[PDB]
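Below is one structure, written out as structure tokens; the observations come after it.
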Amino acid sequence: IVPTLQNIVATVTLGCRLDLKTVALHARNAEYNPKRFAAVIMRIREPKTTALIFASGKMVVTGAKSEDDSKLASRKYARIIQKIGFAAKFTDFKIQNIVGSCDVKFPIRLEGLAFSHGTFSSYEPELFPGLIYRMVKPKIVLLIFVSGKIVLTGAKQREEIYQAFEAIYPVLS
Amino acid sequence: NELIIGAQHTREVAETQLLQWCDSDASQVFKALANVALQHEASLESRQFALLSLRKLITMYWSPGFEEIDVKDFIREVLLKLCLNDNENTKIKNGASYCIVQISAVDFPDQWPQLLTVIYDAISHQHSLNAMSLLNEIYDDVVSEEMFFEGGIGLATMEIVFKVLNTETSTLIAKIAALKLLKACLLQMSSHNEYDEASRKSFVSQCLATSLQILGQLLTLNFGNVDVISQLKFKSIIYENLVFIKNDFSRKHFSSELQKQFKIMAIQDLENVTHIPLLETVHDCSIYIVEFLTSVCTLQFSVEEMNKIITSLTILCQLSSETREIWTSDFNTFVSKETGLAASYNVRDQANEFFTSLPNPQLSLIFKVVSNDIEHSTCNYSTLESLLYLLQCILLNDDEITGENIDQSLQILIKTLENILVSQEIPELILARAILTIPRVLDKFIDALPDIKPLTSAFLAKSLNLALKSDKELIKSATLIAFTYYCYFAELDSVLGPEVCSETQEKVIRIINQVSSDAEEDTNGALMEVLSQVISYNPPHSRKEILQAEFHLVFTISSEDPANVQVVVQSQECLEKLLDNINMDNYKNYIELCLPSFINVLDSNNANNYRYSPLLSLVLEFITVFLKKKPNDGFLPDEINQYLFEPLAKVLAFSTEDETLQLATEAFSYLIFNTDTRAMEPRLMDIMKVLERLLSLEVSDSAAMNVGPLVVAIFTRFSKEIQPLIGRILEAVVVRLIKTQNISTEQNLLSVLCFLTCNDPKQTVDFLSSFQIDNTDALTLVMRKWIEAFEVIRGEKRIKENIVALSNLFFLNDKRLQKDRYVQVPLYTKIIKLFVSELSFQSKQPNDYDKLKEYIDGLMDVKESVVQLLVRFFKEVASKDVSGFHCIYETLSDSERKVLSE
């Protein structure tokens, strides 16, 4: 079972510095409240995402359920701010990391599976449910829950998530 | 007065006399000006015009940022009565208030902190409507969290607000600006949520708790039917406060019982507003209502409550007659809206946001309810128009929807939707929304519907054929958007036959031709975005008619709208997805297909001397992309060069603008790299002219940045005819290097020297030494500059090649190189200690809304690390003391010579 990407982080370097206020002035569906999360939030009709336009010019966007959708969205954000009295060349798009989720839906005896790793697997269920794991090839954080849900973060493309899923799958099985 | 009359373009020159007088004794000028507006022996408009003069008068001298006590005090004192006088007309008080705000935001605390005492006196004792709203405005100007609590000001403000909201005798108009004052207050509350302090946090929490019940009683209050319009404004402001409380403050500060009460009360008010500048007033009021309903989406809802919301919104989201007219007379805006490019955000625009955040069961029940609400409304059309936009809204929500009655309601709904298309009397807008929304229904229930697969083809055929026949292109103007959504989840290329896929393509291509023909710069994106997703669906076999089309589509479309950004990027993206799965055999026909169009761009721009044009840059990008997309096997067939060198050659030659020269240079270098050698050497001299000019005073350092890749590309072909022109290359490169003042570009330039000394060190040093620039040897300054390059060198990647270069350099045994504090020492001595020190350092090993801000935050590859090459070098040279290294090693300091062995 390939694990669905539940979120994506994408970043881009819009060509120029921007004035947050103008954006909040012109498009004005951006809530800009300095000194609390000091960068403008924007959201659009489709796909559903938030995006932090920074005055300094760079940008992050999250909400896409696919690499292609994350692109398509960041493009729209670039287009919109461009209509706001600025020039920006959509460049250097990249996906610093994603997060992928999939639930096996059947608890397993994870006590011994934790000891199987020991140095990697840290397990304190009373503090908080789940189990934090590191997989070598490549580096990626895994959350493995007695409930059955597996979360993964740190990847850059779908292949990393799929291969980490499959690599840790028999161990938990 | 008379001078004010003259000052208030002949008036512009007349006020120059006032400006000249102000140049003298600005301090005294201020009070003299203030007297004019003060005095009643002046036309009220003239007094306002004096006010508006005071704006620019203050900035130049009164505000040091641009760069008398009684005089400034007199201005404020006069304004006290003048601005706040009810008998004054709105314009006069507003002009005065602008002076208040300018002077306050820059000088209020030091000059006059008690201004606030005057304001409380006015707003409390006199109930001055102007005073309270003016205070609200000034709030942001100086009201700091520190001054809010430690200044104690916030306390006086809040208590004034509660006092006023207690006075039922006070007019609705008073309470409006009071509520706006309340929001102004809430903003200071906003930031304190993350970090809390006992004293102020307690007062803040008490303020919130008090405010909530005041707002509740205000909700319960009703106003006279004689004045309904103001009530709407009065109502709207109330709700906006609500939302800022919920979405900005921790749950603890808002209770579930409060949320339920406000939910029911807001729904009832929404219904009443539904039942009633008038229309825009109602409609703007409704938006904050719906936004709160969203922010309390978590709370359960009754089926009757859900029907209330549906039958109310479906009336709210009816577009006016004039908007129908706009999108009928101009559909180019329509897409700007639909793809979220518009600025306008109406109820129709906020409801779509609403239904997304609902959890599953509420969403599913709402879906069920609207399912029947649709069939009930099929007769009246605009009802179905808006209700279908709303159905899209739920459908957009990612969560699944499940229902045993939902299944059959869905079959009936699909039958109704097809009825929409088959009928020929349907209004334009509703059919466009139906085309744009059916794919949402398909996506939401893709798994649910057993007949989904043939149904996808059936709907695509129906909708697209419909998109052939439309005297009005709005139907088509929406079908293209709908096609992206279709391709969101419809693996039609896999499902449908390659002939079926290609015919659907040619179908859309003709649709895009028709629509594009009149497309507005707002839309070019969406069109070409569909173009891309169509491209990705092309089927070894190559059908050149469709591919020729799709290309010319790409380029025509981009032509009119180069400056826009999504057009640029999706264009390049399209272009790349044509050049997939292309071998040298197929690659020919692409040569002829593509190069002529690009060539003609540059040729046309030649009339503009290759001065930057967005289409120019866009084409240079396209050709870089084509270049890169060559099939791995083989080289670049010459005819490609035959076409590409002379236009790109003149591109470089004539142009001087950095970024355009760069966008060319990259393709230039890449071409010259992949090209077969034998074609180049006739072009060698021309390439030398190019590399020279790129390394020349005329061109800036930014241009010189990307000369490098070309350099290595030159060697990649051969060296035989390179050597006689080496000396020329070296002279040009060094003369460019000396004048450069970009440290990044300077580092890049020095990065070139690796291969230059890799092929031969003797000619390099001999020529550079021999050459004199203004009877001055370039070698000495080159070595010094290289030293400073070290002093700021960043990136070990360049360093590894620097070691390869130094292996060539050290054995030259150049005698001249052997021959506050400033390091002026012979090179052979110097370099050894620097690299030994770098090695010594390397011996010592150096090793979610918050997280996003942190998510922001050479020529050759050498597998051997620094240590291996350095140790073998030092073993071979220190023992053999090559190039006067005996003196250097024997006089070497032992501070890090012992650390060397590590």
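Residue names in the structure tokens use chain letters A, B, ... in the order shown, residue numbers from 1 in each chain, and ligand numbers from 1 in the order shown.
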
Name the residues in contact with residue 548 (chain B) at a cut-off of 10 Å, using only C-alpha atoms, excluding same-chain residues fewer than 6 positions from it; report them as an mmCIF file with N, CA, C and O atoms, in the first residue's frame.
data_model
loop_
_atom_site.group_PDB
_atom_site.id
_atom_site.type_symbol
_atom_site.label_atom_id
_atom_site.label_comp_id
_atom_site.auth_asym_id
_atom_site.auth_seq_id
_atom_site.Cartn_x
_atom_site.Cartn_y
_atom_site.Cartn_z
ATOM 1 N N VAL B 554 1.711 26.602 -28.104
ATOM 2 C CA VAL B 554 2.550 27.072 -27.006
ATOM 3 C C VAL B 554 3.089 28.450 -27.329
ATOM 4 O O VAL B 554 2.952 29.402 -26.547
ATOM 5 N N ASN B 589 13.079 16.423 -37.243
ATOM 6 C CA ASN B 589 11.861 17.171 -37.530
ATOM 7 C C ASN B 589 11.598 18.225 -36.463
ATOM 8 O O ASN B 589 11.060 19.295 -36.762
ATOM 9 N N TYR B 590 11.984 17.951 -35.215
ATOM 10 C CA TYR B 590 11.908 18.986 -34.190
ATOM 11 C C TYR B 590 12.852 20.138 -34.495
ATOM 12 O O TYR B 590 12.525 21.297 -34.221
ATOM 13 N N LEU B 593 10.908 22.164 -36.895
ATOM 14 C CA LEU B 593 9.705 22.648 -36.234
ATOM 15 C C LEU B 593 10.004 23.840 -35.337
ATOM 16 O O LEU B 593 9.312 24.862 -35.397
ATOM 17 N N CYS B 594 11.035 23.728 -34.510
ATOM 18 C CA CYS B 594 11.286 24.657 -33.419
ATOM 19 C C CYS B 594 12.192 25.815 -33.793
ATOM 20 O O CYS B 594 11.803 26.972 -33.617
#

Original post:
So which residues touch residue 158 (chain A) within 12 Å, counting only C-alpha atoms, skipping near sequence neighbours fewer than 4 positions away, as JSON, numbers by chain?
Top reply: {"A": [2, 3, 4, 5, 6, 7, 8, 65, 66, 67, 68, 95, 97, 98, 99, 100, 101, 152, 153, 154, 162, 163, 164, 165]}

**OP:** Write out as a PyMOL selection string every residue belonging to chain A that has an atom at most 10 Å from any atom of chain B, counting only C-alpha atoms.
**Re:** chain A and resi 9-13+26-29+33-39+43-48+51-52+54+58-62+65+68-69+72+74-83+87-91+96-97

**OP:** Find the spatial neighbours of region 679-682 of chain B, counting only C-alpha atoms, within a cut-off of 9 Å - ignore same-chain residues fewer than 3 positions away - and output them as a PyMOL selection string.
**Re:** chain B and resi 637-638+641+672+675-676+685-687+717-718+721

Please produce a file of the residues just selected, as an mmCIF file, in the first residue's frame, where the atoms kept are C-alpha atoms.
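As written to disk, selection-v7.cif reads:
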data_model
loop_
_atom_site.group_PDB
_atom_site.id
_atom_site.type_symbol
_atom_site.label_atom_id
_atom_site.label_comp_id
_atom_site.auth_asym_id
_atom_site.auth_seq_id
_atom_site.Cartn_x
_atom_site.Cartn_y
_atom_site.Cartn_z
ATOM 1 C CA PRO B 637 23.969 17.508 -35.694
ATOM 2 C CA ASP B 638 25.702 20.459 -37.295
ATOM 3 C CA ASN B 641 24.676 24.759 -35.167
ATOM 4 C CA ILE B 672 29.010 24.245 -27.824
ATOM 5 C CA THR B 675 28.134 19.684 -30.301
ATOM 6 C CA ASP B 676 30.420 17.481 -32.348
ATOM 7 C CA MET B 685 37.376 32.295 -34.134
ATOM 8 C CA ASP B 686 33.789 33.511 -33.788
ATOM 9 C CA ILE B 687 33.516 31.811 -30.396
ATOM 10 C CA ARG B 717 35.807 19.675 -28.261
ATOM 11 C CA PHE B 718 39.593 19.794 -28.701
ATOM 12 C CA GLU B 721 43.505 25.132 -32.518
#

Original post:
In Å to one decimal, how far is CA of residue 394 (chain B) from CA of residue 410 (chain B)?
Top reply: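 Computing the Euclidean distance for CA of residue 410 (chain B) and CA of residue 394 (chain B) yields 13.9 Å.
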
**OP:** For CA of residue 799 (chain B) and CA of residue 699 (chain B), quote the distance in Å rounded to one decimal.
**Re:** 27.6 Å

**OP:** Please provide the set of residues having any atom within 10 Å of residue 610 (chain B), restricted to only C-alpha atoms, with same-chain residues fewer than 2 positions apart removed, written as a PyMOL selection string.
**Re:** chain B and resi 601-608+612-613+616-617+650-657+660-661

Using N, CA and C atoms, can you export the residues from the last selection as a PDB file, in the first residue's frame?
ATOM      1  N   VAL B 601      12.317  35.298 -33.486  1.00  0.00           N
ATOM      2  CA  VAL B 601      12.181  36.181 -32.331  1.00  0.00           C
ATOM      3  C   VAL B 601      13.402  37.073 -32.208  1.00  0.00           C
ATOM      4  N   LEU B 602      14.586  36.467 -32.184  1.00  0.00           N
ATOM      5  CA  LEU B 602      15.799  37.252 -32.025  1.00  0.00           C
ATOM      6  C   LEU B 602      15.987  38.191 -33.204  1.00  0.00           C
ATOM      7  N   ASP B 603      15.733  37.703 -34.417  1.00  0.00           N
ATOM      8  CA  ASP B 603      15.855  38.566 -35.586  1.00  0.00           C
ATOM      9  C   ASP B 603      14.953  39.788 -35.458  1.00  0.00           C
ATOM     10  N   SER B 604      13.685  39.579 -35.095  1.00  0.00           N
ATOM     11  CA  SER B 604      12.772  40.697 -34.892  1.00  0.00           C
ATOM     12  C   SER B 604      13.307  41.653 -33.837  1.00  0.00           C
ATOM     13  N   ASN B 605      13.741  41.121 -32.695  1.00  0.00           N
ATOM     14  CA  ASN B 605      14.316  41.966 -31.658  1.00  0.00           C
ATOM     15  C   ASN B 605      15.560  42.699 -32.132  1.00  0.00           C
ATOM     16  N   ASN B 606      16.212  42.219 -33.194  1.00  0.00           N
ATOM     17  CA  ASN B 606      17.349  42.943 -33.748  1.00  0.00           C
ATOM     18  C   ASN B 606      16.974  44.384 -34.062  1.00  0.00           C
ATOM     19  N   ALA B 607      15.745  44.605 -34.535  1.00  0.00           N
ATOM     20  CA  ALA B 607      15.261  45.972 -34.692  1.00  0.00           C
ATOM     21  C   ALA B 607      15.297  46.709 -33.361  1.00  0.00           C
ATOM     22  N   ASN B 608      15.169  45.975 -32.259  1.00  0.00           N
ATOM     23  CA  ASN B 608      15.347  46.516 -30.921  1.00  0.00           C
ATOM     24  C   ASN B 608      16.752  46.264 -30.383  1.00  0.00           C
ATOM     25  N   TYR B 612      16.450  43.974 -24.022  1.00  0.00           N
ATOM     26  CA  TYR B 612      15.637  42.972 -23.352  1.00  0.00           C
ATOM     27  C   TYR B 612      14.164  43.176 -23.665  1.00  0.00           C
ATOM     28  N   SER B 613      13.522  42.108 -24.118  1.00  0.00           N
ATOM     29  CA  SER B 613      12.078  42.032 -24.218  1.00  0.00           C
ATOM     30  C   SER B 613      11.658  40.736 -23.549  1.00  0.00           C
ATOM     31  N   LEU B 616      11.815  37.973 -25.904  1.00  0.00           N
ATOM     32  CA  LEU B 616      13.212  37.628 -26.138  1.00  0.00           C
ATOM     33  C   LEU B 616      13.718  36.643 -25.090  1.00  0.00           C
ATOM     34  N   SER B 617      13.651  37.033 -23.815  1.00  0.00           N
ATOM     35  CA  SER B 617      14.134  36.180 -22.735  1.00  0.00           C
ATOM     36  C   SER B 617      13.417  34.839 -22.727  1.00  0.00           C
ATOM     37  N   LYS B 650      25.063  36.824 -32.745  1.00  0.00           N
ATOM     38  CA  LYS B 650      24.659  38.224 -32.786  1.00  0.00           C
ATOM     39  C   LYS B 650      23.903  38.615 -31.521  1.00  0.00           C
ATOM     40  N   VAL B 651      23.176  37.666 -30.924  1.00  0.00           N
ATOM     41  CA  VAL B 651      22.481  37.923 -29.667  1.00  0.00           C
ATOM     42  C   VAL B 651      23.464  38.423 -28.631  1.00  0.00           C
ATOM     43  N   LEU B 652      24.455  37.598 -28.313  1.00  0.00           N
ATOM     44  CA  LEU B 652      25.534  38.048 -27.448  1.00  0.00           C
ATOM     45  C   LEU B 652      26.101  39.369 -27.951  1.00  0.00           C
ATOM     46  N   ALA B 653      26.629  39.371 -29.178  1.00  0.00           N
ATOM     47  CA  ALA B 653      27.371  40.520 -29.692  1.00  0.00           C
ATOM     48  C   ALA B 653      26.648  41.834 -29.419  1.00  0.00           C
ATOM     49  N   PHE B 654      25.441  41.991 -29.962  1.00  0.00           N
ATOM     50  CA  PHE B 654      24.757  43.275 -29.872  1.00  0.00           C
ATOM     51  C   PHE B 654      24.320  43.582 -28.446  1.00  0.00           C
ATOM     52  N   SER B 655      23.730  42.608 -27.761  1.00  0.00           N
ATOM     53  CA  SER B 655      23.116  42.844 -26.463  1.00  0.00           C
ATOM     54  C   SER B 655      24.175  43.181 -25.424  1.00  0.00           C
ATOM     55  N   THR B 656      23.776  43.962 -24.424  1.00  0.00           N
ATOM     56  CA  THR B 656      24.618  44.294 -23.285  1.00  0.00           C
ATOM     57  C   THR B 656      23.937  44.002 -21.956  1.00  0.00           C
ATOM     58  N   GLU B 657      22.614  43.841 -21.950  1.00  0.00           N
ATOM     59  CA  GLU B 657      21.876  43.665 -20.708  1.00  0.00           C
ATOM     60  C   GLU B 657      22.245  42.327 -20.081  1.00  0.00           C
ATOM     61  N   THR B 660      19.689  38.976 -19.920  1.00  0.00           N
ATOM     62  CA  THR B 660      19.453  38.425 -21.251  1.00  0.00           C
ATOM     63  C   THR B 660      20.718  37.788 -21.818  1.00  0.00           C
ATOM     64  N   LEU B 661      21.851  38.488 -21.720  1.00  0.00           N
ATOM     65  CA  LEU B 661      23.117  37.891 -22.127  1.00  0.00           C
ATOM     66  C   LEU B 661      23.341  36.561 -21.429  1.00  0.00           C
TER      67      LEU B 661
END

Using backbone DSSP assignments, extract all strand (DSSP E or B) residues from region 2-58 of chain A; output them as a PDB file with N, CA, C and O atoms, in the first residue's frame.
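Saved file part_18.pdb follows:
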ATOM      1  N   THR A   4      -0.244   7.674   1.102  1.00  0.00           N
ATOM      2  CA  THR A   4      -0.642   8.950   0.528  1.00  0.00           C
ATOM      3  C   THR A   4       0.099  10.099   1.201  1.00  0.00           C
ATOM      4  O   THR A   4       0.229  10.153   2.426  1.00  0.00           O
ATOM      5  N   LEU A   5       0.584  11.028   0.384  1.00  0.00           N
ATOM      6  CA  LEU A   5       1.205  12.248   0.882  1.00  0.00           C
ATOM      7  C   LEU A   5       0.100  13.119   1.468  1.00  0.00           C
ATOM      8  O   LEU A   5      -0.769  13.599   0.735  1.00  0.00           O
ATOM      9  N   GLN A   6       0.123  13.325   2.787  1.00  0.00           N
ATOM     10  CA  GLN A   6      -0.965  14.087   3.397  1.00  0.00           C
ATOM     11  C   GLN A   6      -0.697  15.582   3.324  1.00  0.00           C
ATOM     12  O   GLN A   6      -1.609  16.394   3.515  1.00  0.00           O
ATOM     13  N   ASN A   7       0.544  15.965   3.051  1.00  0.00           N
ATOM     14  CA  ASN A   7       0.904  17.362   2.903  1.00  0.00           C
ATOM     15  C   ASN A   7       2.193  17.436   2.104  1.00  0.00           C
ATOM     16  O   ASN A   7       2.909  16.442   1.960  1.00  0.00           O
ATOM     17  N   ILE A   8       2.478  18.621   1.575  1.00  0.00           N
ATOM     18  CA  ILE A   8       3.706  18.888   0.841  1.00  0.00           C
ATOM     19  C   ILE A   8       4.184  20.277   1.220  1.00  0.00           C
ATOM     20  O   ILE A   8       3.370  21.188   1.405  1.00  0.00           O
ATOM     21  N   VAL A   9       5.494  20.437   1.341  1.00  0.00           N
ATOM     22  CA  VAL A   9       6.113  21.743   1.506  1.00  0.00           C
ATOM     23  C   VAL A   9       6.835  22.046   0.207  1.00  0.00           C
ATOM     24  O   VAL A   9       7.586  21.208  -0.303  1.00  0.00           O
ATOM     25  N   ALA A  10       6.607  23.236  -0.331  1.00  0.00           N
ATOM     26  CA  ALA A  10       7.298  23.694  -1.525  1.00  0.00           C
ATOM     27  C   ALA A  10       7.808  25.098  -1.265  1.00  0.00           C
ATOM     28  O   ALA A  10       7.190  25.856  -0.516  1.00  0.00           O
ATOM     29  N   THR A  11       8.939  25.441  -1.862  1.00  0.00           N
ATOM     30  CA  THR A  11       9.515  26.763  -1.695  1.00  0.00           C
ATOM     31  C   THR A  11       9.972  27.300  -3.036  1.00  0.00           C
ATOM     32  O   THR A  11      10.279  26.531  -3.953  1.00  0.00           O
ATOM     33  N   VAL A  12      10.016  28.617  -3.135  1.00  0.00           N
ATOM     34  CA  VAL A  12      10.365  29.304  -4.368  1.00  0.00           C
ATOM     35  C   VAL A  12      10.981  30.641  -3.999  1.00  0.00           C
ATOM     36  O   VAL A  12      10.799  31.130  -2.880  1.00  0.00           O
ATOM     37  N   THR A  13      11.748  31.212  -4.919  1.00  0.00           N
ATOM     38  CA  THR A  13      12.397  32.497  -4.709  1.00  0.00           C
ATOM     39  C   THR A  13      11.817  33.499  -5.697  1.00  0.00           C
ATOM     40  O   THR A  13      12.324  33.646  -6.814  1.00  0.00           O
ATOM     41  N   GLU A  31      -3.846  37.895   5.501  1.00  0.00           N
ATOM     42  CA  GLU A  31      -3.870  38.466   6.838  1.00  0.00           C
ATOM     43  C   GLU A  31      -2.432  38.677   7.283  1.00  0.00           C
ATOM     44  O   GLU A  31      -1.690  37.708   7.479  1.00  0.00           O
ATOM     45  N   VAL A  40       3.245  37.179   5.310  1.00  0.00           N
ATOM     46  CA  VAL A  40       1.832  37.207   4.957  1.00  0.00           C
ATOM     47  C   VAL A  40       1.354  35.813   4.586  1.00  0.00           C
ATOM     48  O   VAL A  40       1.947  35.116   3.747  1.00  0.00           O
ATOM     49  N   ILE A  41       0.256  35.412   5.214  1.00  0.00           N
ATOM     50  CA  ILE A  41      -0.496  34.224   4.847  1.00  0.00           C
ATOM     51  C   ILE A  41      -1.357  34.572   3.645  1.00  0.00           C
ATOM     52  O   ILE A  41      -2.030  35.609   3.637  1.00  0.00           O
ATOM     53  N   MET A  42      -1.331  33.718   2.628  1.00  0.00           N
ATOM     54  CA  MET A  42      -2.355  33.735   1.595  1.00  0.00           C
ATOM     55  C   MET A  42      -2.921  32.344   1.395  1.00  0.00           C
ATOM     56  O   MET A  42      -2.262  31.332   1.656  1.00  0.00           O
ATOM     57  N   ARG A  43      -4.155  32.328   0.909  1.00  0.00           N
ATOM     58  CA  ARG A  43      -4.890  31.122   0.589  1.00  0.00           C
ATOM     59  C   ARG A  43      -5.672  31.389  -0.685  1.00  0.00           C
ATOM     60  O   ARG A  43      -6.057  32.529  -0.961  1.00  0.00           O
ATOM     61  N   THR A  50      -2.034  27.038   2.200  1.00  0.00           N
ATOM     62  CA  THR A  50      -1.543  28.275   2.779  1.00  0.00           C
ATOM     63  C   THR A  50      -0.184  28.552   2.166  1.00  0.00           C
ATOM     64  O   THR A  50       0.496  27.626   1.709  1.00  0.00           O
ATOM     65  N   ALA A  51       0.205  29.818   2.142  1.00  0.00           N
ATOM     66  CA  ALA A  51       1.507  30.206   1.629  1.00  0.00           C
ATOM     67  C   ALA A  51       2.003  31.410   2.402  1.00  0.00           C
ATOM     68  O   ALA A  51       1.251  32.363   2.627  1.00  0.00           O
ATOM     69  N   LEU A  52       3.272  31.367   2.792  1.00  0.00           N
ATOM     70  CA  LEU A  52       3.898  32.472   3.508  1.00  0.00           C
ATOM     71  C   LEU A  52       4.713  33.269   2.508  1.00  0.00           C
ATOM     72  O   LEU A  52       5.877  32.968   2.250  1.00  0.00           O
ATOM     73  N   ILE A  53       4.116  34.292   1.941  1.00  0.00           N
ATOM     74  CA  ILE A  53       4.946  35.236   1.212  1.00  0.00           C
ATOM     75  C   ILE A  53       5.755  36.016   2.231  1.00  0.00           C
ATOM     76  O   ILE A  53       5.229  36.521   3.232  1.00  0.00           O
ATOM     77  N   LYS A  58      11.547  35.255  -0.780  1.00  0.00           N
ATOM     78  CA  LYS A  58      11.335  33.820  -0.882  1.00  0.00           C
ATOM     79  C   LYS A  58       9.938  33.476  -0.383  1.00  0.00           C
ATOM     80  O   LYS A  58       9.212  34.339   0.117  1.00  0.00           O
TER      81      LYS A  58
END

**OP:** Kindly indicate which residue among A:17, A:109, A:139, A:117 lies nearest to residue 57 (chain A), using only C-alpha atoms for the distances.
**Re:**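 Of the candidates, the smallest distance to residue 57 (chain A) is held by A:17.
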
**OP:** Considering only C-alpha atoms, state which residue in the set B:816, B:472, B:872, B:253 is at the smallest distance from residue 779 (chain B).
**Re:**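 The closest residue to residue 779 (chain B) is B:816.
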
Original post:
What gap, in Å, lies between CA of residue 129 (chain B) and CA of residue 78 (chain B)?
Top reply: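 The value is 18.3 Å.
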
**OP:** Please identify all polymer residues within 9 Å of residue 91 (chain B), counting only C-alpha atoms, omitting same-chain residues fewer than 4 positions from it, and present them as a list in words.
**Re:** residues 45, 48, 95 and 96 of chain B

When you look at residue 173 (chain A) with a cut-off of 12 Å (counting only C-alpha atoms), what residues show up, excluding the ones that are within fewer than 6 positions of it in the same chain? I need them as a compact mmCIF listing (two decimals) with N, CA, C and O atoms, in the first residue's frame.
# COMPACT_ATOMS: atom_id res chain seq x y z
N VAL A 104 -1.78 0.85 8.75
CA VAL A 104 -1.91 -0.59 8.52
C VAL A 104 -3.26 -1.09 9.00
O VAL A 104 -3.80 -2.06 8.46
N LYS A 105 -3.83 -0.45 10.03
CA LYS A 105 -5.17 -0.72 10.55
C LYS A 105 -5.22 -1.98 11.41
O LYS A 105 -6.32 -2.44 11.75
N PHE A 106 -4.07 -2.56 11.77
CA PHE A 106 -4.01 -3.69 12.68
C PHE A 106 -2.84 -3.51 13.63
O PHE A 106 -1.67 -3.62 13.22
N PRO A 107 -3.10 -3.22 14.91
CA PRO A 107 -2.02 -3.18 15.90
C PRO A 107 -1.13 -4.41 15.82
O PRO A 107 -1.57 -5.51 15.45
N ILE A 108 0.14 -4.23 16.18
CA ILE A 108 1.12 -5.31 16.25
C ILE A 108 1.81 -5.21 17.60
O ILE A 108 1.75 -4.18 18.29
N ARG A 109 2.48 -6.29 17.99
CA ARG A 109 3.27 -6.31 19.21
C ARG A 109 4.52 -5.48 18.96
O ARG A 109 5.56 -6.00 18.55
N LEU A 110 4.41 -4.17 19.20
CA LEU A 110 5.49 -3.24 18.93
C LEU A 110 6.51 -3.16 20.05
O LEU A 110 7.57 -2.54 19.86
N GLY A 112 8.47 -5.57 21.31
CA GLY A 112 9.69 -6.24 20.88
C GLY A 112 10.26 -5.64 19.61
O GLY A 112 11.48 -5.65 19.41
N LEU A 113 9.40 -5.11 18.75
CA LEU A 113 9.88 -4.48 17.53
C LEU A 113 10.67 -3.22 17.85
O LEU A 113 11.62 -2.87 17.14
N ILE A 144 5.62 5.51 14.04
CA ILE A 144 4.97 4.21 13.99
C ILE A 144 4.12 4.07 15.24
O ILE A 144 4.65 4.09 16.36
N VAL A 146 1.21 2.16 17.64
CA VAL A 146 0.50 0.94 18.00
C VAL A 146 -0.90 0.95 17.39
O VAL A 146 -1.47 -0.11 17.10
N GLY A 148 -1.48 1.93 14.42
CA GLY A 148 -1.23 1.40 13.10
C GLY A 148 -0.83 2.45 12.09
O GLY A 148 -0.22 2.13 11.06
N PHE A 165 8.77 3.31 3.38
CA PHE A 165 7.61 2.50 3.73
C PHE A 165 7.91 1.02 3.57
O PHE A 165 7.73 0.24 4.51
N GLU A 166 8.37 0.62 2.39
CA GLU A 166 8.57 -0.80 2.13
C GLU A 166 9.71 -1.36 2.97
O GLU A 166 9.66 -2.52 3.40
N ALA A 167 10.76 -0.57 3.20
CA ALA A 167 11.90 -1.05 3.98
C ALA A 167 11.50 -1.32 5.42
O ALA A 167 11.92 -2.33 6.00
